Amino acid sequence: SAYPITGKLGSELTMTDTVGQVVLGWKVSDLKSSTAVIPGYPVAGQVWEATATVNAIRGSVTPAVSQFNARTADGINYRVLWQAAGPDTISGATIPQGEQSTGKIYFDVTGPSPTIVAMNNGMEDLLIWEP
């Protein structure tokens, strides 16, 4: 597979999905230890956050926020705390072509600190943002 598409934190990466007839852009930036208290969530480690923006380039897009993950370089993975409580969380609402949607996503970091964000759809890694 030609996936994943890799680039830098702070950059917007484009993915074309012709099965869904959509094109979207995702920006991920500002991955960092958070002071957010999520919850009613059972946090085991330290809450981390990133700021994510989805861009509906072609078609209406419903962002697949549950696909996000924070990772270390060797590959330890922390699932997004999709959606749920979390302050100023990105909306999961569908956005029409030409609009964008932004907000925070959170992670429960229980090991080494992450430096990477990756979107994975259960089948493979699609988009990766690294230093």
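In this text, residue numbers run from 1 along the sequence as written.
- According to the PDB record, 14-22 carries the higher mean C-alpha B-factor of the two stretches 118-126 and 14-22.
- For the pair 55-63 and 31-39, the mean Cα B-factor is higher in 31-39.
- Listed residues 80, 44, 90, 50 were ranked by CA B-factor as deposited; 44 comes out on top.
- Split the chain's modelled residues into thirds by C-alpha temperature factor. Residue 4 is in the highest one.
- Among the modelled residues of its chain, residue 84 has a C-alpha B-factor that falls in the highest third, as given in the PDB entry.
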